[PDB]
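Each answer follows from the model by the rule given with it, or from the source it names; no laboratory read-out is quoted. Cβ placement follows ideal geometry from the backbone for every residue including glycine, while neighbour counts extend to all protein chains displayed.
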4 protein chains.
Amino acid sequence: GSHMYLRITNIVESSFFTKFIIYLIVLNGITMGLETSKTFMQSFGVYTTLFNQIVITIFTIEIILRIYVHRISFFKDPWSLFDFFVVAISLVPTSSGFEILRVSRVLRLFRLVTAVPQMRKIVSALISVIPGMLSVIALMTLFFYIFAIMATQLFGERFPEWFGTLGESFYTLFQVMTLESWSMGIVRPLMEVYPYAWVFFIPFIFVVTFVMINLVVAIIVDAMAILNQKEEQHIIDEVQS
Amino acid sequence: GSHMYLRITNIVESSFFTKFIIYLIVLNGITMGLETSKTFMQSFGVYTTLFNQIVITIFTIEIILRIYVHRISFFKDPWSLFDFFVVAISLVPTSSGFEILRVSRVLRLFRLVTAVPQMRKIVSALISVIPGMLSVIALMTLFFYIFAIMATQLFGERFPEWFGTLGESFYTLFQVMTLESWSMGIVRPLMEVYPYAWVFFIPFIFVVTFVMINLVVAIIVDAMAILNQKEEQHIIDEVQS
Amino acid sequence: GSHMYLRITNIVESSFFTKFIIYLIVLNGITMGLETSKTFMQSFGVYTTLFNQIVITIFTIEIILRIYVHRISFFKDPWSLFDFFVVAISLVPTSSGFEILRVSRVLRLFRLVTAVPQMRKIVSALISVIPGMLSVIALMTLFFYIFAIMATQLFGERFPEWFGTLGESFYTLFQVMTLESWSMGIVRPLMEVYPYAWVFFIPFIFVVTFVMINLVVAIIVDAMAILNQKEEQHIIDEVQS
Amino acid sequence: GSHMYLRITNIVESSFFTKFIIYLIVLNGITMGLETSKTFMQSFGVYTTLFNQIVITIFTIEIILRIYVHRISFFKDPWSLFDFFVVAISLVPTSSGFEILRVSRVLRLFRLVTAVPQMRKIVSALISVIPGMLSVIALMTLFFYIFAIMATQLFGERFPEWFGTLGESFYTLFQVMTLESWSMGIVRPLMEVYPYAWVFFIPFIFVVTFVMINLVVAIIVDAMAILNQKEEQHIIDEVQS
Ligand SMILES: CCCCCCCCCCCCCC(=O)OC[C@H](COP(=O)(O)OCC[N+](C)(C)C)OC(=O)CCCCCCCCCCCCC
Ligand SMILES: CCCCCCCCCCCCCC(=O)OC[C@H](COP(=O)(O)OCC[N+](C)(C)C)OC(=O)CCCCCCCCCCCCC
Ligand SMILES: CCCCCCCCCCCCCC(=O)OC[C@H](COP(=O)(O)OCC[N+](C)(C)C)OC(=O)CCCCCCCCCCCCC
Ligand SMILES: CCCCCCCCCCCCCC(=O)OC[C@H](COP(=O)(O)OCC[N+](C)(C)C)OC(=O)CCCCCCCCCCCCC
């Protein structure tokens, strides 16, 4: 806090700043979707490859700026910690072989979420219900793990594509949980060899399904036992006073 | 408003009018479903091709009439703006090659919704919940867009049917969202070439699913935090008075 | 009402009666499931074919009896009107070619629902929510009908198995509504010929899905705006008195 | 209750005890997942086969101990009755041919549920909603049974894989209930021979679906008519006093 600090802070904290970024984002958003056509890249492919590190430099400056204005507060903000890591990726140079990072650059278009406050709101609402589910996700993951281990031991030797491995079996059990091809694609083939295999997967389909449904019912029915306490408290008070 | 205006207004606004239309609709409804059989069209196919522009002329008159009675109010009514556009299509002449318009004529059977007030009610109820979802639809569409761009770049070269293009990838990601063949039909083929592809689509299946469920829970649990404010307000008042 | 009438009424209305029937039902239930094995029918197949019209005669008597005791009240009771029609079928003689009626006999095992009061309760609960949905089922059926007509006209010539006919198209559109193979099995084949076919089925999948979800939300959120009126009425009263 | 009894009781009831078990569990959990790789078992396969009956003996002692401390109370506790039966299996010797029991040993990893109180909580919540559903599960199972019998009689001769048998038909009807391949995989093949087969499976798909949805709505809407009685009772009381 001083003369020079405050000068920057008023740039960074301005609405022009955030809108310039939001524009860059929507602009580089469109550019990244045009960068998708081989036709376009043969023609205008240099313009957008240059338009790209333009936005990357701007976003780096813009991040640098925000870290000066916000100090340690910046690395405790989940919203901006994101932009940090998402612009960080987009800075790793395109020449190192690893395809996964060149494509990671598109993750910068998620700044439109952190930048726009209406978007931040939804994400925070959606994220907010996760912490209560951690217990049930742990139970479910344990349940998957126990069953993935059993299926490997039961079906992996004859059915190695689907169950040869703790991971192949995790994958198949998830597919079964999504109910996708679970009978025609998986369990019926299984039963030509293991006639009682339906005794494994139907109860799995029952339990995994039952938990999913209850999880939702618990959310709804618990989210509104709370509104019914608040409201009686506000009703008990006006009948006393 | 005058002698001549009021004469028409009493025709248009009558219940005979709306019922005559509702009858024409249900009648041309049935005719359009009989127009479906080649057998029937070989025999009675002229009767119904003529019965058709009969209804079209009537409906045009009927629309003309309603515009005189209702003035500028007509082009601010969503319900009637529809019948306008839906009869407008049915007027474009059958001879111009474009198959899409000849079939559009069946959209006139949706006038049974605008005509019948019980139907209008449901549609308005269903439409009414959309405006609050616009934020989440925007988030989801952005999310699809970011992922459609990544998948094109990741899988389009080897898997051009499913991911060769921003649109092919949109399509596949929607199919994956519907969970249809997502593992047997898509992700398992993908993994013969891209062993880690499950790292893209499971989290996509998780996020897209999670949002869908939360959207519903939000509707229910928010639609009824409101009833719990109204009711305490009506309870706080009678304990004060 | 008299000496002779009352004698029968006390048989019919007894608990021994209903339990004898409930036993016959569970007994003929088991018999009808054993009648399923060719092995068993080669051995004991006469015992159960005779055990069958035994139960049929008993059930006819039992129905006759109940009609005397209950008079016109019997043909206004949905529960017993059922047993009437379900035993009526089981009386039509096995020799007339029509396979559909021989198998209809198994419908008598549904008397265990009408007989047992715990069962009647659920069915009445489940049936009870249907009447409010009649509007939306009508809207949906109209919507299917309009779209089934369009799809026949659009895809039936090249794709006659799936869309050759108003009924083939109804069937496919339902399958699409269940999301079953909708993309791999139907819409993707369609698009090799009709590249824009996704413009028909995605919006269909959107609308049909949207309505389904809203129907449920409406049930829940409306079933409990009522409990919130009852309860404020009971709360407003005790604050007045 | 005495000097010697109390000495053991203070071991068993200690937190060190339960944590030692919880550690053994998570340790043997990891071991059972490593026991999955043929690579690992070629190397360290003896260490973990020995680490296994180590844990089994400990768990037997640990169970013996708990039965002394808890007396008849132990065989009335569902939580510990489980560990009993789950360690009991793991004690049956690996040499008797029956593959099903060697794999059952993994069920011991479910002790992490009974051991950890956060886990016990969820399971008890989830289990708690089952008793009210027993009626509807009975109705559904009856409904399946009636339909499984009809389908065997209707489609089993031509379609023995799917409907040759009361059990094959149960299986298929469940698959149809999960909607998995129900049209492409089952009903469409059926209709090449039985053109009206859609008259069996669509109503089955309707009823079975309808019940599922209503079951959930009943849970939610009934779980919270109760909160609305409790809260008015607590509101009626403070307006009287
Ligand atoms: C009861 C409490 C339990 C708590 C502990 C849970 C965590 C234990 C982790 C154990 C990891 C075991 C890894 C493992 O076995 O790797 C298997 C394979 C590699 O097999 P590999 O040895 O390469 O090939 C063997 C030869 N072959 C090809 C002929 C079969 O590679 C794979 O399949 C990948 C490994 C996937 C691991 C998934 C871990 C899920 C964690 C769930 C935690 C639940 C907590 C509540
Ligand atoms: C971060 C903020 C982002 C905001 C901006 C979002 C809108 C950007 C629109 C970009 C449109 C890009 C269109 C495009 O690249 O067309 C691709 C293809 C035509 O490819 P084409 O050049 O014919 O063929 C190349 C050669 N080949 C066949 C060998 C591959 O044709 C297609 O694939 C059809 C184009 C489908 C466009 C779908 C647009 C979805 C908009 C989502 C908006 C989300 C807002 C929150
Ligand atoms: C806008 C208001 C509308 C209100 C009226 C709705 C009811 C209209 C009923 C019209 C019935 C039309 C029947 C019809 O066209 O039959 C078509 C086929 C028989 O075709 P066919 O003439 O044997 O074969 C022609 C030659 N071929 C094989 C080369 C194509 O056979 C079939 O496809 C069976 C017919 C299925 C009829 C389904 C009716 C659904 C009613 C939905 C009502 C919604 C009300 C809100
Ligand atoms: C209306 C009240 C009803 C209450 C009673 C319900 C229980 C009745 C149980 C009847 C059990 C019938 C067993 C049976 O028939 O076994 C059939 C097959 C064995 O056939 P099999 O004789 O080996 O082979 C015949 C020759 N072949 C291969 C050429 C066809 O093997 C199988 O398919 C396995 C048997 C599966 C039985 C599933 C039982 C479900 C119980 C549902 C109870 C609902 C209660 C509300």
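Remarks
- Test for B:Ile56: is it in a helix (DSSP H, G or I) and either more than 24 Å from the chain's Cα centre (by Cα) or farther than 20 Å from B:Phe17 by Cβ (or both): no
- B:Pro117, sole failed condition from (1) within 26 Å of C:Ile213 (Cβ to Cβ); (2) in contact with a helix residue (DSSP H, G or I) (Cβ under 8 Å, 6 or more places away or on another chain): (2)
- Here D:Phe143 meets the list (1) under 24 Å from C:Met41 (Cα atoms); (2) crowded, with 20+ Cβ neighbours inside 10 Å; (3) more than 7 Å from every other protein chain (Cβ to nearest Cβ) almost entirely, failing just condition (2).
- For segment D:14-48, a residue qualifies if it is loosely packed, with under 14 Cβ neighbours inside 10 Å and more than 27 Å from the chain's Cα centre (by Cα), and the qualifying residues are D:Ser14, D:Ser15, D:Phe16, D:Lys38, D:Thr39, D:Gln42, D:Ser43, D:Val46, D:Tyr47.
- Residue check, A:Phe51 more than 16 Å from ligand 2 (Cβ to nearest atom), away from chain B (no Cβ under 14 Å) and in a helix (DSSP H, G or I): no
- Answer from A:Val207, A:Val193 - the residue that is more than 16 Å from ligand 3 (Cβ to nearest atom), without any contact (Cβ under 8 Å) to a residue 40 or more places away in the chain and not charged (D, E, K, R): A:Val193
- Residues in segment A:148-179 that are more than 10 Å from ligand 1 (Cβ to nearest atom), within 16 Å of D:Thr36 (Cα to Cα) and outside any helix (DSSP H, G or I): A:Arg158, A:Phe159.
- Unique residue being away from chain B (no Cβ under 14 Å), part of a helix (DSSP H, G or I), more than 16 Å from ligand 4 (Cβ to nearest atom) and closer than 20 Å to B:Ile149 by Cβ when the list is A:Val46, A:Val69: A:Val46
- Answer from B:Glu168, B:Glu157 - the residue that is within 14 Å of ligand 2 (Cβ to nearest atom), surrounded by fewer than 18 Cβ atoms within 10 Å (Cβ to Cβ), in the same structural domain as B:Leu142 (by TED's automatic domain parsing) and over 24 Å from D:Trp182 (Cβ atoms): B:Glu157
- Summed over segment B:93-106, the residues that are in contact (Cβ under 8 Å) with a residue 12 or more places away in the chain and surrounded by fewer than 18 Cβ atoms within 10 Å (Cβ to Cβ) give a count of 2.
- Some residue of segment B:213-222 being under 30 Å from B:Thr141 (Cα atoms), polar (S, T, N, Q) and crowded, with 19+ Cβ neighbours inside 10 Å: yes
- Boolean, A:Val55 is more than 16 Å from ligand 4 (Cβ to nearest atom), surrounded by 15 or more Cβ atoms within 10 Å (Cβ to Cβ) and within 24 Å of B:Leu154 (Cβ to Cβ): yes
- Test: residue in segment D:123-130 that is within 16 Å of ligand 1 (Cβ to nearest atom) and β-branched (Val, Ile, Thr): yes
- Sole exception among (1) more than 13 Å from ligand 4 (Cβ to nearest atom); (2) not assigned by TED's automatic domain parsing to the domain that holds D:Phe20 for D:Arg111, by number: (2)
- Among residues of segment D:124-140, those that are more than 30 Å from C:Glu35 (Cα to Cα) and either touching a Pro at 6+ places or on another chain (Cβ under 7 Å) or buried (at least 18 other Cβ atoms within 10 Å of the Cβ) (or both), counted: 1
- Residues of segment C:212-241 that are within 15 Å of B:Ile226 (Cα to Cα), acidic (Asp, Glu) and more than 8 Å from chain B (Cβ to nearest Cβ): C:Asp222 alone.
- Among the residues of this structure, D:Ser183 does not count as one that is touching a residue at least 12 places away in the same chain (Cβ under 8 Å) and under 31 Å from the mean Cα position of the chain (by Cα).
- Restricting segment B:187-199 to residues that are hydrophobic (A, V, I, L, M, F, W, C) and facing chain A (nearest Cβ under 10 Å), the residue that is farthest from ligand 4 (Cβ to nearest atom): B:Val199
- Failed criterion for C:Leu109 (all others in (1) in contact (Cβ under 8 Å) with a residue 60 or more places away in the chain; (2) under 28 Å from C:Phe170 (Cβ atoms); (3) among the aliphatic types (A, V, I, L, M); (4) buried (at least 20 other Cβ atoms within 10 Å of the Cβ) hold): (2)
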